[PDB]
Every structure is written in structure tokens, then in C-alpha cells.
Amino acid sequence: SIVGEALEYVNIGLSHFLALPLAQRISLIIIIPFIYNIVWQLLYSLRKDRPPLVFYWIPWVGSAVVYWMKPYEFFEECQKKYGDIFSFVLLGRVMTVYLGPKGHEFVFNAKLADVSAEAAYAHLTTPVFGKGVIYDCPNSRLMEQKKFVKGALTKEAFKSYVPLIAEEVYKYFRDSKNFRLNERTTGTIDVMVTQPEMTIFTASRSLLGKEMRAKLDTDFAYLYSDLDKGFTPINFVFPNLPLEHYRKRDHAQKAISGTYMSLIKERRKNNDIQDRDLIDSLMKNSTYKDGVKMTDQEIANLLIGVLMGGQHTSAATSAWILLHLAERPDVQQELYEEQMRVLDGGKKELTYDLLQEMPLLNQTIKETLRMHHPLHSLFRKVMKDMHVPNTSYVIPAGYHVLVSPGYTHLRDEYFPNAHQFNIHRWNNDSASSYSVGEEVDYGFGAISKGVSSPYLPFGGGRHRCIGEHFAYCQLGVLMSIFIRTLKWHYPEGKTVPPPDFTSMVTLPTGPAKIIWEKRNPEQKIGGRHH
């Protein structure tokens, strides 16, 4: 017995390895991880306590490419091969997807100790919003921040925001080069140009107030653009490599929060603290229950976060509404009749209460949010091994879970002819959402306990959206005025564009152009302008 003579050759083989020509060493630096990764997946598939893992050729990268470009097609293929729960590798991360209403329950209603949203999201949002708020703080702090913000999102606030938002839409029709309704009776617009502008203008005026809205008439508006460019998915992957747009982002966060603090300190200086906007509200109502006050910097940062949370969701949504309606003059016609009925042929000024008597308008918003959920995937990082009910699967800590209610929105089983835009599928069901039973309060108000609805555009559980009613108010006013003022249609041979999922906000693929025409060519919009 001389195995020892073989152990010598292990050592010998090792030294011959280190002496390979650089050409072959490089090749082996490639081939070894490639082979190991394939061997690893084969072994992994034998485990019974793990959901099926989607096969991938390139290590670390995983299924990133296909998930990035066409996530719903990716989900549908995986769902056919493996069923509703499956994992895939995404740039060094393992993502476990749970499709359908049971998936909604598993992720949105997960125990606070099981999963973390801030662990998934903070590296992307913290540099944009600033420190101390949203995901740069314990969940209990987030809960109270949401409570604070909801305090300026009351029915009473919406009654005051509606004429403010309407003024901004009319000003945009009057003054924007995309319209100029006093000078032109027809024109062509790119809805991915107009809607972000209309969105920030209307949200600024109502949530931040007249001063902050005035700032957007200046070069200052470009900081918002800069801040926005630091909010892309490459910041998800590489949170900070010293790139140009990273620093413009940091600069913008400091400059914009600086402007908000300036106004906050000015208002406190003059005791000019009213009930006009979210700034007034947070100045009066931002003390945590342990008695610690939000700093002025944190208040400013939270303002940025709130405006940002409403910016891309709403802008994408009003863009899709215009795009679906552009090939549906029958739906424009039907919405126009409702406007004439509810507002007495235009004789009534639009109010928040009359908005609630516009079911078809609200069903249009509801249906667009069904077909175009602006966030195709929501994430949590798994913090404790999770057992998946009625399976033998365990999702270990360190994995991520991914939930996609927008995918379920597009399934025939839950919405017949799911790829058909039909506002009447919501007849006698025009509410933005509603708790279909028992409620629960995580610290920012009573919300639905069950999150099993196949329709979940605002998510659910502790991380549930609080901007839903603001969004309906904003989109409601905006679409009410579009409908009463304009008709619109596609250029010849154009139709509803397919979604672009790469910004991870489900935008229409540009350029998404429509042609508008004034319903009343001679109608003038009053007020002064240069």
C-alpha cells in the first residue's frame, strides 16, 4: 500500500498547474467556474427542500438578461415548466418568485422578522432621498413616516388640491410648447415627454406648495432631472462606482433638500405654519411615538421620497391611459358624456366630490393600472429561513423573494380576455381598491388584512402604498380636463406601444406619440403669461 506516492502527484500536479502558460491559465480561470456552476445546479436540483432553480449558463449573471428585458414572458415560461414557485439567479443574487394570489400572501403578508424591504431597497433609494427616512431607518420608523404623510392626504386635503391641480393642467395646456391651446388647435405630442412634466407640476403645486412649484419654472428644475437620473437600476447593481451621474445625483439631493429646509426654516421663522401642503403638515406632525422629532433634513428627505414615489407611477399611468384611449374614440366619447352629465355640461366646477361621481373615469384609471402595473416586481430580502406552506420548500436567509401582482393582472383565469383593455369589466366596481374583509393597522392606518386579491396595484401589508387616493385625485383631475378639452388619436399605422421593462418602471416603448385636437378650437385659457 503506497497511496502516498499518489499524494506526491497531487503536489506535483499543483506545481505544474501554477507553471501553465498564461494562455491556458486564463482559459482555466474561465472554464473552472463555468464547469463548477453547472455541476452545482445539477446537484441543487436534487434537493427537495428548494424550489426549482432556473437553469443558467453564465455564473453570477444568471437569468438577468431575460428578466431585465421581458420579465412577464420569463415568468410565464418558468410557470409552465416549474409551476408557481421557482428561483433564478440575478447578478449574484438568488430570487425566489411566487406567482399568483398565494405569492401575494407569502411576500406582502410575511412576518416582519422573516423579510426586509429596506435590505432589498435601501442602497438604491437612500442616495436619492437622503439619510434617515424610508429605507434608511428601522421599519417602525417607516411606519410612522407613512402615518405622518397620510395626515396631509385626507379628503379635506384632496378637496383643496383639486382646484390647484386643475389650475396646473390648464396652465400646462396654455403655456407648454407641447400644447399652446390659445395659439394652436391641433398638434402632436410624445406622451413620455408631457406626462412626467404634468405629473411633477401637479404634484409639486399640491404637495409642496406654490413656492416649490415656482422653482420648477427655473434652472432648478434640472436638479430634479439630475436626481431622477440617479434613480435607475444600475444603482441597484453597482450602488456607487465613481460615475458622473452619481455625483450629479448627490448634488441634486443636497440642493433640493436644501431648498426644502430653507422653506421649512423660513416658515418656522415667521410662524407661517398653516395647512396648505405636506410641508405645513410635516412641520406640525413629525414627532415619533418615542418623542424624537424628525429633523428638518429628514423632513426634507421624506418630501423627496414622497414626490418620487408618486412621480413615475403616476406619469407612466397617465401616459398609458392616453395611449389606450387614443385608439378608442368610443371610450373617449363615453367618458365625455359622463363629464357632461356630472358637471352639468361644464357649468359645474370640478370638485373632489364630483370626481367620486365619475365611475367610468375611475374605471379607466383602474383598468390601466390592471394592464400596466408600473412596478413589475417587488422585492424583499429573506432574513430567516422561510417554509412555504403546503410544500416542503424552504427559502433560506440570504435569498430574495419576488412578488409580481402585475403579472397576475394579465392572466385570463383572473381577468377574462386579460390583454383586452375594457373599462367595463369594473362596472359597479369602480373603487381604487377596497378591503374585501378584515382589516389591520401596522401604524399608518387600517388596511386590508388579506392580500389575496388578484388585483393589487398598490401592494399590501406593511409596505402598502399610501398614495393611492392622491394618485386617483391627480389622475382624475388630469383626465377629466384632457377629456373635456381634447380628442386624440394615433398617427397613421401607429398603435399602443409595447411596454419597456428596462427602467423597471413599465413604461411604453418610445416614441409614444399621439395627435390631439381641441374639442372647442375657439376656447381660450385665461390668465397672464410671457
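Sequential numbering from 1, following the sequence displayed.
Enquirer: Quick one: say whether 369-377 or 239-247 has the higher mean Cα B-factor in the deposited entry.
Expert: Stretch with the higher mean C-alpha B-factor: 239-247.
Enquirer: Decide which of the stretches 330-338 and 274-282 has the higher mean C-alpha B-factor, going by the entry.
Expert: Comparing averages over the C-alpha atoms only gives 274-282.
Enquirer: Select one of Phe415, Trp320, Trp426, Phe231: the residue whose C-alpha shows the highest B-factor in the crystal structure entry.
Expert: Reading the PDB entry, the winner on C-alpha B-factor is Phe231.
Enquirer: From the list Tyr44, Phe470, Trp488, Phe482, select the residue with the highest C-alpha B factor recorded in the entry.
Expert: That would be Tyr44, according to the entry.
Enquirer: Using the B-factor values recorded in the entry, state whether the Cα atom of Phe220 falls in the lowest, middle or highest third among the modelled residues of its chain.
Expert: Within its chain, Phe220 is a highest-third residue by C-alpha B-factor, going by the deposited values.
Enquirer: When the modelled residues of the chain are sorted by Cα temperature factor, does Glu438 land in the lowest, middle or highest third?
Expert: It falls in the top third of the chain.
Enquirer: Just say lowest, middle or highest third for the CA B-factor of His409 relative to the other modelled residues in its chain.
Expert: Lowest third - that is where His409 ends up once the chain's C-alpha B-factors are sorted.
Enquirer: So where's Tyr72 on the chain's Cα temperature factor ranking, which third?
Expert: For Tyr72, whose C-alpha B-factor we compare with every modelled residue in the chain, the answer is the middle third.
Enquirer: Name the third of the chain's ranked CA B-factors that contains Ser392, choosing lowest, middle or highest.
Expert: It belongs to the highest third of the chain when residues are ordered by C-alpha B-factor.
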